[PDB]
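Peer 1: so I've got this experimental structure, pasted below with the sequence.
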Amino acid sequence: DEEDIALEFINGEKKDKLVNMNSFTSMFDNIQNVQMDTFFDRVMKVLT
Amino acid sequence: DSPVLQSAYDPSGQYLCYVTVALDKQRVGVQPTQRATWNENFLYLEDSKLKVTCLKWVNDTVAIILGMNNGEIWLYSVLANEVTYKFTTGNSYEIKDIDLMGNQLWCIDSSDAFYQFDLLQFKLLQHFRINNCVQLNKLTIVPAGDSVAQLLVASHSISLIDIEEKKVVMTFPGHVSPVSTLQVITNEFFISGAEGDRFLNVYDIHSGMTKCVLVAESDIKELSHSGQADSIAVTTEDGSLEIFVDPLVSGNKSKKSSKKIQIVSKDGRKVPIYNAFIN
Amino acid sequence: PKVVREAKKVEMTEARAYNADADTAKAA
Amino acid sequence: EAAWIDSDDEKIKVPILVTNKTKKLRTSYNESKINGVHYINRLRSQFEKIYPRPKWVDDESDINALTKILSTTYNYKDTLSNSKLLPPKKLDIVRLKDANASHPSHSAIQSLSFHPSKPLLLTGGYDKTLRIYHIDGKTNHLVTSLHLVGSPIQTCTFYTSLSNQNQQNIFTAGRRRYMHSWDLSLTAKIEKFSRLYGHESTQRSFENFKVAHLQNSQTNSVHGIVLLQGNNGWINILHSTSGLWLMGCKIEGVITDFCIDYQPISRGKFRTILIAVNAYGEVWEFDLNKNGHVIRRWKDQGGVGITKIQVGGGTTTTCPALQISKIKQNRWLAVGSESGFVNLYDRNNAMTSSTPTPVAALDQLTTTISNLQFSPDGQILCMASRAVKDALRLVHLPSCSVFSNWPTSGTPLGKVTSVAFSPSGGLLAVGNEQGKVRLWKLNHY
Amino acid sequence: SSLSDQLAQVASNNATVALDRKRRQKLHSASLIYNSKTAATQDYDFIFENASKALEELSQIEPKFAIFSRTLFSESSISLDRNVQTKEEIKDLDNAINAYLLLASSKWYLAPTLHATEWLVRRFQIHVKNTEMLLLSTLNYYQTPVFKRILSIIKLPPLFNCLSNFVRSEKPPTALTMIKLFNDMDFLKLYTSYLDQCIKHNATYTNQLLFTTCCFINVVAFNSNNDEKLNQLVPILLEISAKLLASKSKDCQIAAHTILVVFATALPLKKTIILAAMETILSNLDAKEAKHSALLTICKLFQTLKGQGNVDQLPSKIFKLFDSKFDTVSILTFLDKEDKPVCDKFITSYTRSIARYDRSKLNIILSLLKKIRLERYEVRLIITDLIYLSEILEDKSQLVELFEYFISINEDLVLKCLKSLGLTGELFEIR
Amino acid sequence: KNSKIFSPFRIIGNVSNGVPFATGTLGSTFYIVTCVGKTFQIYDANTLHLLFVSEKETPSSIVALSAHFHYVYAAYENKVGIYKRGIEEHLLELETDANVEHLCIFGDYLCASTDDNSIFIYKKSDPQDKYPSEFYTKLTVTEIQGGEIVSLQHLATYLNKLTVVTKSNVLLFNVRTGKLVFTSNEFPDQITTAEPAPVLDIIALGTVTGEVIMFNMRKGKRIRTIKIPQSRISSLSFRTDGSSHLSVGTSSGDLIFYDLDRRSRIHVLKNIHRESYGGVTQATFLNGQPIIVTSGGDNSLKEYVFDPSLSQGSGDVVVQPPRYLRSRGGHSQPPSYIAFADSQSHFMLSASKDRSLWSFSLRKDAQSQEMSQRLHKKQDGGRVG
RNA sequence: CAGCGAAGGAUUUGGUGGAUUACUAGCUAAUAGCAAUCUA
């Protein structure tokens, strides 16, 4: 049943966001005097 | 070109083992050569890039030894459908040829190493390598009974090897290309034939002198000799069969083929012969 | 414009090397 | 300080002024012979001023976990087989020998199917012949070849039953009121289905059929059904051995395509669902292991000219199960349209909503979707259009992102009029209008 | 080579020496405050005295400029000429200039630093001698007129080649020009050495960390479609991530967290690299915002991990280190958040490491896998090692109630794992 | 069999065969003496021109060759030949039947290691003559002291001592008193190469698992260790122009460059030579120079150069990767076909089993060039397959 | 459009290396020294 285990392993894979060329181009506008943790969650919103 | 990658008869020519690709994986099947005495189940190589590089019928549970390209000799019974035992060397080098005498299996490696295994003990007995033999792709045990002295190894250039000293005792001028058949005919002669040439030559294993040259009229794929040296049937690249009848007699230095067999259909389509057997 | 990955024309220079002929002494 | 003293240099005594190189390591003009340890120290300082002392020797001798693992590794990605699922955005796909290159086709290759077990590829087209090829890498040869006179073929399928997996039928059909069924026996015994058992008015052409498995559900006896797409909304389901009309399922609109989903129930029992799409975009699902009754009716979000539905990720009609316990529920469902838009639904959650939203709508190729097939693992979908040249894309999923490195501008895809995936080898066959099946191998499998 | 080439080389060597009046005027009119016609008539005493005033203002703002008043801004330096002392005195005053520049990189929004580094521009010629450190220090300020001014008077280095159409221009360089500047590999090595000196002398400020992280993740984004450029780029940005994680600033630590999370979601890194990355993350974790970013970073870095071996028990050293930085309440609370992060493979590895390495905290793994939902292979591996736990040690109520949860959901799967190894009646006789 | 029409002249098209070559330095220029079967060939390292070919073929294959200033020492079957300008000046017969397989030359001493783990020391007669000529003593490395001798070197300022690198150990002999001064501790894997560093009394050892040890031969310790996993190390070289780089050479054909000062890895040249023919067999920095000469068993000899750094202030941290410079080469497989290109007997076309068509010069070996296989454009304008 | 068509194709350009005469090694105060140095 190893083929069934391999199919459930490739079946339990969830859709993710991939990095593009221009997934992070619109961050320079608001890296001005914001805090670095706000930058981290602004990046994590793009990644998710 | 032919789909059958490897193929060999059992001794007495009653079954044929053949490795063909099946949708990117090798498969090894056995067919009876006469139905009056299909076989629809194969051994499947489960990896897409593992493939059989040589195969040899053992002689009595009947089995094949399949020399793979990952440093393994698989031993596969044909009535059942599993590899019964997996010989392995210490390496990942593909193995270029195997042979056996009795229960004593010998094999050559792509790193020009010699390995010896025992089919009765399932153990790697010896591992060595000898100088000035560096592109080996054939070995053949010269038979002397249960003594397995004198290997006969080819690299485009046949060399006779004493295994007690692990050294070369004769050197034969081989060919200009890698040797593809290297087979012992009598207790004093061996035939050899290379890749992409239509010339066999029979050497005297005691002196080094070439007795005769046998000339096919197309590039030789396989050969078979009858068990008493009286006839040699080679099968060529254009799908023909050529029989040299009594080649070891006095057409004096080089002999042509005596008989030539080809197969056509009822149409005019010429089907090719691969891998015949003579007795 | 990107940075300019151009190769210079290479000439060898005069280097000093320790030779080991002074690393052997004889006894009286 | 030192791990050895040799007791010979102390009693050696060298000259200095005999050669010009040692003539420089004097400290006076009266020194002519010096001791050995002195002489060793003089030329040690001389060696140090020829090659100056670097900082790596006396600087150091041998939270740093990342720095250490970077200084030891040389490759930085997953190696070969510890991946088990495809990397997105870059394929790994070699080209093999063109499968029908041994024996050419005299028409556009209209349908194409691999065998479920054997290494066989069946091609067929409007030149009313069907050819089987033993495929491998190097030499794709022709097994056999059967020319049905006066019957151009449009769909041809390897059927292999679930009970004994020993039948190996080929069902083939075109724009005719019959459908042939060749029983594979290696003369050739073929039969002809030409009776709709009272239902000939609603089935005037046997072109669009699909073959599937059905369970009796009072015995555990399966049998194959062929499913014919008819005129009004009709799907006529009939037995694949006796040809008896079993049931019929009518959708409301212009029936354009349909697919077969299976779902397991218990040990040795499964259920067959027919999924049929209107031209407008509304989808019916019929349970047909009972009487052919609707269990779900939903609507495709967007989509106005709908040409092709497909499921994938489990056992489709093109990745068939050889054994009844290996039947899987399909995860993905792609509805491909006339504008080239392919909605993609994820049926692990989109069986409940009844207006389900797609997980992505692909838009990469711009003319009419005529093939879309799922790879047997259900990680690639293959969009293909027979309208312009080279219109084929392989979209990776779950990520729903098209592979950007294949096909290139120099792939000889042609005008892609059929496509097929191998059930085991990871291997595409792509048939174009010139009569050529081109063959590729995906090196992930 | 040619004579005009060799003479261009000797001009570039003798760039700063004033050999007549016209070269002295063209070379002394390069100011950072005044225009050329005023700057050519000013003296050294005038610009020194108001630069010393501005250094007193800058020093009462930040008291680390007083030693620059001792050496670089003293009154012996009015008469100190740059190109009259040897290479050793030159390297002494050039690391003095580097110290001043990476100290005053943060202060570039307030006019005392402009009037103070005016004297480094006009006495020590740092716009043409120490120019790489000047560009690298004020790179953050590229939308501002002070970077416009240093670009107008700068002589541009060969690594900074793409700014050559924005020199003596009225419009600032754009962000896409900044990403094209950072996209080089030699520029990346240069900037990481600059950051290494920043991290060493403890001058990393948050506007710099924001700009640096933005340009780094844009470099990774630009190179996200060629694996050979990503593979050239990995031991540069992971090395600078290690050197940012090896410092004390919470801001630079979460800058490294951002770089690591973007880089691991851009390409599938090795398992051992990801584990050593989480070890370097946890080995200096002291803040709270750093803890928030560190938990999110370790979750995403374990999420982006494929193949046979994604959800093993993480080993004993790294699991007890992760325990000492994050106890049970922290992990359970963070999973109870309504924003729903994706913590699947990491939480599976965590519970399997608890079952191999703790063997007391099993009620908490019942509560947390009651909280978040997992996949079939995740819960299959969880119940297989719980089966092995039952067969190694005596089976008490916490393991029993865990199997009651694994019976209350997906009992067919626990039957499938018992039939793959064991039996259901034998397991009920066990517990 | 000797002939009476044709007499042997030369064997052209050969550059190396994977014996580790020797470099030598006349004045401020460098020459590179590479073995081609039974002759060696001296090349001018500034332009890779063939200066000299050894005058007679040796009775067996040359197996270890070194080069001091004007003289080249080539060890074949039993004996060591001392050659100047190709023409052999002296022949040192060893008193054994064992095959000499390593040698070093320092001072008045030539030291030649055979394969029965004996070492033969030869001495000059008077320190003004040119080469060591008379027999002096014999040294022996027995099985208690160390394994098979894997290298034989003399690291500098060591008054008449010899570092013998065995497969597990490092011994240090005094070659005047015949004594074993110092035997180090063992090494947990078999060491394959050795190279003396330009740092004082430091040797660098390369193992059969992937690590470079930096042994300090006076303290008896190891200074540092560099790990290159799953790579057998076949060469070691040091940069000596004020940039502390090390270059290791890996038998899968790779040349890896390390900074020793800041402990980073500068660059990797992958597939610099064929693994099937031995990988990179000898790589050495011409000293004081940023150029490194590699040679492999695939009949090829290359040079790589380091351009000066692209950052005008940093430099030491922005190291531009090594680029390719001149190289000589021939066929890596035996040739399959032969033709003469013209009636003047100047060029000859030559095709081999390694699928290359070379055009070899019978007049000047620099003119030998590989015929290129870069296809033209299609005549109509369609695509080529 | 047809046709050609292997994980892309075309055009243009900067730099370097090798050939463009037929391969006997660098320096110097040269029958030899040096090349770590010519000088006491």
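Peer 2: Arrived safely, thanks for sending. Numbers count the residues shown, from 1 in each chain, chains lettered A, B, ... in the order given.
Peer 1: residues touching the residue in the stretch 51-200 of chain E that chain A sits nearest to, list them.
Peer 2: Nearest to chain A in the stretch 51-200 of chain E, going by C-beta to the nearest C-beta, is residue E:175, at a distance of 4.0 Å. Where C-beta positions appear, they are placed from N, C-alpha and C, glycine not excepted. Residues near residue E:175 by C-beta atoms under 8 Å, 6 or more residues apart in numbering or on different chains: A:25, A:28.
Peer 1: leaving out sequence neighbours, find the closest residue to the closest residue to chain C within chain E.
Peer 2: Residue nearest to chain C within chain E: residue E:161 (4.6 Å; C-beta to the nearest C-beta). Once flanking residues are discounted, residue E:161 sits nearest to residue C:3: 4.6 Å by C-beta to C-beta, 6 or more residues apart in numbering or on different chains.
Peer 1: ditto for residue B:91
Peer 2: residue B:71 (4.7 Å).
Peer 1: wait, the one you found touches residue B:94, no?
Peer 2: Yes: using C-beta atoms under 8 Å, residue B:71 is in contact with residue B:94, at 7.3 Å.
Peer 1: out of the two, which sits in the busier spot?
Peer 2: residue B:71 (21 against 17; other C-beta atoms under 10 Å in any protein chain shown).
Peer 1: distance of the more buried one from RNA strand G?
Peer 2: Going from residue B:71 to RNA strand G by C-beta to the nearest atom of the strand, to the nearest Å gives 25 Å.
Peer 1: residue contacts, that residue?
Peer 2: Per C-beta under 8 Å, 6+ apart, neighbours of residue B:71: B:88, B:89, B:90, B:91, B:92, B:93, B:94, B:95, B:109.
Peer 1: quick check: residue D:143 is in a strand.
Peer 2: Yes: secondary structure of residue D:143 (DSSP: H, G, I helix; E, B strand; the rest coil): part of a strand.
Peer 1: neighbours around it, how many?
Peer 2: Using other C-beta under 10 Å: residue D:143 sits among 16 other residues.
Peer 1: again with residue F:194
Peer 2: Residue F:194 has 21 neighbours, counted by other C-beta under 10 Å.
Peer 1: surely it is in contact with residue F:153?
Peer 2: Yes: Residue F:194 is within contact range of residue F:153, at 5.5 Å (criterion: C-beta under 8 Å).
Peer 1: quickly list what's touching both of these two.
Peer 2: In contact with both residue F:194 and residue F:153: F:163, F:165, F:203, using C-beta under 8 Å, 6+ apart.
Peer 1: tell me, what's touching residue B:71 and residue B:94 both at once?
Peer 2: With C-beta under 8 Å, 6+ apart, residue B:71 and residue B:94 have common neighbours residue B:109.
Peer 1: tell me which helix or strand comes right after the strand or helix carrying residue D:38.
Peer 2: Using DSSP states H and E, residue D:38 sits within helix D:36-50. On the C-terminal side of helix D:36-50, the closest following helix or strand by DSSP H and E is helix D:55-59.
Peer 1: mind listing what's buried along the longest helix along chain A?
Peer 2: Ranked by residue count, the top helix of chain A under DSSP state H comes out as helix A:36-47. Buried positions in helix A:36-47, judged by neighbour count with 16 or more other C-beta atoms under 10 Å in any protein chain shown: A:36, A:37, A:39, A:40, A:42, A:43, A:44, A:46, A:47.
Peer 1: so what's the fourth one up against?
Peer 2: It refers to residue A:40. Contacts of residue A:40 (C-beta under 8 Å, 6+ apart): E:254, E:257, E:258, E:293, E:296.
Peer 1: check the residues you listed against chain A, which are close?
Peer 2: For chain A, the contacts drawn from those by C-beta under 8 Å from any C-beta of the partner chain are E:254, E:257, E:258, E:293, E:296.
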